[PDB]
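Worksheet for the structure shown next.
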Protein chains: 2
Amino acid sequence: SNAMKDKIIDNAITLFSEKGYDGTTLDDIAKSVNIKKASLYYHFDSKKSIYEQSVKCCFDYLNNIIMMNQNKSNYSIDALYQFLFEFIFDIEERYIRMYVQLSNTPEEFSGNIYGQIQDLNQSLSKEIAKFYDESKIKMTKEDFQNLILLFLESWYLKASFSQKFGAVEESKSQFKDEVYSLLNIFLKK
Amino acid sequence: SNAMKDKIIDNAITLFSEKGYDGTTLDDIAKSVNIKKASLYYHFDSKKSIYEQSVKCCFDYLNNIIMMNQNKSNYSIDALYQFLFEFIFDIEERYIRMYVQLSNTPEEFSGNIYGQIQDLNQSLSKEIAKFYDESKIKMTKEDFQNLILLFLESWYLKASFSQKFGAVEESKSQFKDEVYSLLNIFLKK
Ligand SMILES: [Cl-]
Ligand SMILES: [Cl-]
Ligand SMILES: [Cl-]
């Protein structure tokens, strides 16, 4: 136990991350905690409400990776890799897989979800900015932020794909080569 | 009928790109072309065959962007900006969304799909390399290919999200200006 509401939402994040909104059924969710479909209604009013709550949990998790980066980082150029690794290859891969699946959200209520996406981007940009050192980096702090953000954005899909298709070690190796190359691009010699 | 089979696939790409495999029904597909559902089986033996063939068509389309560029491009710096423009603006949204939807394919049908994902990346990288010019790009060829690849591969998820959350054309314009701003950093030209 002890909280059926949380059990449904934990199971739902998994189902949604694997099949997306349109492909995940209330029956799937109910089966996954061993209750009848109608018993979901003890905890939620709709499928859309189960999804919204699962999406909030997903953003809570991702935002927390960022917030926690300051207990783990001296913000040197060398610490930047560790940060980008932890965000793309987090112990629990369903969260990034879920973020990619947001692209299947009911266009109905994408406004709140869109806000969460912008908020997460703001927070990620702010964390990247702490690694900026004008004397070491041959571009503005804004261009450095945009570059690293796009680097991470290309990897969300690439990491989801490699997880889904069981090529994760090969993917981490490519990422390591690409971050090396990224540092080479922006570091003054 | 080869023409009907083609029309079924063309429509199924659209439907799949919207709701993915599990969220798309054979009924949906038949209605799209206004045929009885039994008529689907004249050309396919299952929903699985329609999807496989739709995914292949989608990669043919995406790979054809490169073939077209080979046919025309002088590979100048001007041609590099135009290729980036064409990738962002001229790739029809449904093919990008189909590509992102490859994320919720049932495991039982992984097929050759990851191979197609990796080959497209390989092919794009080879075409990008043709624009490298030591006299104009203040980069190693390695870093130039990686930079251009991150522009193109970050576009997939942005474009897929733009459909749900705001505006496809506004996103193209904003992303194009962003990518141009970053590329400009590396041009001696
Ligand atoms: Cl209950
Ligand atoms: Cl990348
Ligand atoms: Cl424009």
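All residue names refer to the structure tokens as shown: chains lettered A, B, ... in order, residues numbered from 1 in each chain, ligands numbered from 1 in order.
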Chain B residues within 6 Å of chain A, counting only C-alpha atoms: which ones, as a VMD selection string? chain B and resid 19 22 to 23 104 143 150 153 to 154 161 164 to 165
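Least-squares superposition of chain A onto chain B, taking every C-alpha atom paired in order, leaves an RMSD of 1.9 Å.
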Mind dumping a table of every chain A residue within 8 Å of ligand 1, with the nearest atom pair and its distance in Å to one decimal, using only C-alpha atoms and all ligand atoms, sorted by chain and rising number, as a tab-separated table?
residue	atom	partner	partner_atom_place_in_ligand_line	distance
A:4	CA	ligand 1	1 (Cl)	6.1
A:5	CA	ligand 1	1 (Cl)	7.6
A:39	CA	ligand 1	1 (Cl)	5.8
A:40	CA	ligand 1	1 (Cl)	6.9
A:42	CA	ligand 1	1 (Cl)	5.2
A:43	CA	ligand 1	1 (Cl)	6.5
Using only C-alpha atoms and all ligand atoms, tabulate the residues of chain B lying at most 8 Å from any atom of ligand 3, each with its closest atom pair and that distance in Å to one decimal, by chain and increasing residue number, as CSV.
residue,atom,partner,partner_atom_place_in_ligand_line,distance
B:172,CA,ligand 3,1 (Cl),7.3
B:173,CA,ligand 3,1 (Cl),4.2
B:174,CA,ligand 3,1 (Cl),7.3
B:176,CA,ligand 3,1 (Cl),7.1
B:177,CA,ligand 3,1 (Cl),7.3
Just the number, please: distance in Å from atom CA of residue 140 of chain A to atom CA of residue 186 of chain A, one decimal. 9.9 Å
Between atom CA of residue 94 of chain A and atom CA of residue 45 of chain A - distance in Å to one decimal: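 Computing it gives 24.6 Å between the two atoms.
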Would you please work out which residue, of B:49, B:64, B:116, B:145, is nearest to ligand 2 when using only C-alpha atoms and all ligand atoms?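 Result for the nearest residue to ligand 2: B:145.
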So how far away is atom CA of residue 88 of chain B from atom CA of residue 171 of chain B, in Å?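 About the pair atom CA of residue 171 of chain B and atom CA of residue 88 of chain B: they are 9.2 Å apart.
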Give the alpha helix (DSSP H) residues of segment 133-163 of chain B, as DSSP finds them on the backbone, and put them as a tab-separated table (two decimals) with N, CA and C atoms, in the first residue's frame.
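Result went into selection_9.tsv, see below:
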chain	number	residue	atom	x	y	z
B	141	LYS	N	35.71	19.27	-39.25
B	141	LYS	CA	34.56	18.66	-39.96
B	141	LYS	C	33.66	17.89	-39.00
B	142	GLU	N	34.27	17.11	-38.09
B	142	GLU	CA	33.59	16.41	-36.96
B	142	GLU	C	32.62	17.34	-36.25
B	143	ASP	N	33.10	18.51	-35.82
B	143	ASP	CA	32.24	19.42	-35.05
B	143	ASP	C	31.16	20.04	-35.93
B	144	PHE	N	31.54	20.33	-37.17
B	144	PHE	CA	30.52	20.91	-38.10
B	144	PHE	C	29.36	19.89	-38.30
B	145	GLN	N	29.68	18.63	-38.59
B	145	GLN	CA	28.63	17.63	-38.78
B	145	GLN	C	27.77	17.51	-37.50
B	146	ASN	N	28.42	17.50	-36.36
B	146	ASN	CA	27.66	17.36	-35.11
B	146	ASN	C	26.75	18.57	-34.89
B	147	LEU	N	27.24	19.76	-35.17
B	147	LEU	CA	26.42	20.97	-34.99
B	147	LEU	C	25.20	20.95	-35.91
B	148	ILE	N	25.42	20.61	-37.17
B	148	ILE	CA	24.30	20.65	-38.11
B	148	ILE	C	23.28	19.54	-37.75
B	149	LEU	N	23.80	18.39	-37.39
B	149	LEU	CA	22.94	17.30	-36.92
B	149	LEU	C	22.13	17.66	-35.71
B	150	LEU	N	22.72	18.35	-34.73
B	150	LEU	CA	21.90	18.73	-33.62
B	150	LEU	C	20.81	19.71	-33.99
B	151	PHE	N	21.03	20.59	-34.96
B	151	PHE	CA	19.93	21.46	-35.43
B	151	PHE	C	18.81	20.58	-35.99
B	152	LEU	N	19.17	19.66	-36.86
B	152	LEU	CA	18.13	18.91	-37.58
B	152	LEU	C	17.41	17.95	-36.63
B	153	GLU	N	18.16	17.33	-35.72
B	153	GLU	CA	17.55	16.33	-34.83
B	153	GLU	C	16.79	16.93	-33.65
B	154	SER	N	17.14	18.14	-33.24
B	154	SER	CA	16.32	18.86	-32.29
B	154	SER	C	15.00	19.34	-32.92
B	155	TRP	N	15.00	19.53	-34.24
B	155	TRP	CA	13.76	19.97	-34.91
B	155	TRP	C	12.64	18.93	-34.81
B	156	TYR	N	12.95	17.65	-34.94
B	156	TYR	CA	11.87	16.63	-34.84
B	156	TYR	C	10.89	16.85	-33.67
B	157	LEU	N	11.43	16.98	-32.45
B	157	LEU	CA	10.56	17.04	-31.30
B	157	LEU	C	9.88	18.40	-31.20
B	158	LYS	N	10.62	19.47	-31.47
B	158	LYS	CA	9.98	20.81	-31.53
B	158	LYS	C	8.78	20.84	-32.52
B	159	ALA	N	8.98	20.29	-33.71
B	159	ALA	CA	7.95	20.33	-34.75
B	159	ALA	C	6.76	19.47	-34.29
B	160	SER	N	7.03	18.30	-33.73
B	160	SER	CA	5.95	17.41	-33.23
B	160	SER	C	5.14	18.09	-32.14
B	161	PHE	N	5.81	18.72	-31.16
B	161	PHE	CA	5.13	19.47	-30.10
B	161	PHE	C	4.34	20.65	-30.69
B	162	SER	N	4.92	21.36	-31.68
B	162	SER	CA	4.31	22.59	-32.21
B	162	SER	C	2.88	22.33	-32.71
B	163	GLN	N	2.63	21.13	-33.17
B	163	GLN	CA	1.32	20.77	-33.66
B	163	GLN	C	0.24	20.85	-32.56
Could you check which of A:99, A:38, A:86, A:175 is closest to residue 72 of chain A, using only C-alpha atoms? A:86
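The smallest atom-to-atom distance between ligand 2 and any of A:58, A:84, A:69, A:34, using only C-alpha atoms and all ligand atoms, is found for A:84.
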For residue 33 of chain B, find every residue with an atom within 8 Å (counting only C-alpha atoms), except residues of its own chain fewer than 3 positions away, and show them as JSON, numbers by chain. {"B": [7, 8, 11, 29, 30]}
Pick from B:136, B:75, B:61, B:85, whichever lies nearest to residue 120 of chain B using only C-alpha atoms: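 Counting only C-alpha atoms, the residue closest to residue 120 of chain B is B:61.
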Quick one: of B:118, B:14, B:123, B:1, who's nearest to residue 66 of chain B, counting only C-alpha atoms?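 Smallest separation from residue 66 of chain B among the options: B:123.
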Smallest atom-to-atom distance to ligand 2: which of B:130, B:135, B:121, B:65, using only C-alpha atoms and all ligand atoms?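 Result for the nearest residue to ligand 2: B:121.
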